[PDB]
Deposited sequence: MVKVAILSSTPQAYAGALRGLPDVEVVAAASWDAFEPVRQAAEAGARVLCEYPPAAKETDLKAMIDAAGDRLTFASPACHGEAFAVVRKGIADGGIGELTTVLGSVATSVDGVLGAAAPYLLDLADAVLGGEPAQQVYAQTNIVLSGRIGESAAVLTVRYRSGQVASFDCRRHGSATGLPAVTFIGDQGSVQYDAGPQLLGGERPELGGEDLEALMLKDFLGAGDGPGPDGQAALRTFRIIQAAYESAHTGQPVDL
């Protein structure tokens, strides 16, 4: 199988993909210079991509046009066995009627709203059953250190069902990008943390599942990550959030 990668850290995923047999990495690039990957998609390669920047929706459509269902969005935390447990517990009524999704993520990547919030919205979308959004409100700032774009953001989503999601994102040089999400229903709440603390101490040790291995397994074999429609819903959320951060008022969708 021929494979291409679209990410801010393309050498990261290309190395793990070559480390498996029967697979060949024909292209790896960032969304800044995506065309070698786009031509690989036209030529038949499976493409694993992180979410594109909010400014490059035409590049996103070019990738959809080039690969069709051969395009897979990278959302590691969706592949946790822990996340399957949470989704089933909620669908079975473990927290009553679902009303609200909360959560937090820290990343080292600049522009944390576009770079990290999709990872939380992917989990929300899975448990919300792909509900469409009615309004998006967001605020951002550059207080914390970074190169370009916001280093902190909060967004709140009001869905057509009346359910609410609200997520906080921040930059930090040693963050992992691993999200923690909390699902609130009218009889309880449950938290899914993709990066819990395994060991305490002066240098705490990060626990969790081998989400990279699980995500690549699915991509080399429709799994629990966002399909194309789910990615487009979330990407539209992101665009609206950037607009709200500028207007200071929610954006209707």
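Counting from 1 along the deposited sequence, what's missing? Deposited residues absent from the model fall in 1, 223 to 224.
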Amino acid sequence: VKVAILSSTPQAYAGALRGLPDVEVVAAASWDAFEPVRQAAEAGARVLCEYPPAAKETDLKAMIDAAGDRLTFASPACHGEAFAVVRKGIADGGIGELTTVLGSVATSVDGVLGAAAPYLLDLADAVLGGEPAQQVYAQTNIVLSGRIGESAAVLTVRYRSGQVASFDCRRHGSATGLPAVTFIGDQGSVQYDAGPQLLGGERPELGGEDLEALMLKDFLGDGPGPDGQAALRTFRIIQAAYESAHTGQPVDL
From here on, numbers count along this sequence of modelled residues.
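Can you let me know which of the two, 141 to 149 or 115 to 123, has the higher average C-alpha B-factor in the entry? Higher mean C-alpha B-factor: 141 to 149.
Do the C-alpha atoms of 190 to 198 or of 50 to 58 have the higher average B factor in the entry? The entry gives the higher C-alpha B-factor average to 50 to 58.
Take the CA temperature factors straight from the PDB entry and tell me which of 205, 209, 35, 227 peaks. Of the candidates given, the C-alpha B-factor peaks at 35.
Going by the CA temperature factor in the entry, name the top one among 245, 231, 237, 12. Largest recorded C-alpha B-factor: 12.
Which third of the chain does residue 135 land in by C-alpha B-factor: lowest, middle or highest? Middle third.
Quick check for you: using the entry's CA B-factors within this chain, is residue 68 in the lowest, middle or highest third? Middle third by C-alpha B-factor.
Residue 75 - Cα temperature factor, lowest/middle/highest third of chain: Its C-alpha B-factor belongs to the middle third of this chain's values.
Quick one: classify residue 182 as lowest, middle or highest third of the chain based on its Cα B-factor. As the PDB entry reports it, the C-alpha B-factor of residue 182 lands in the lowest third of its chain.
Taking the chain's C-alpha temperature factors as the reference, tell me which third residue 107 falls into: lowest, middle or highest. Middle third.
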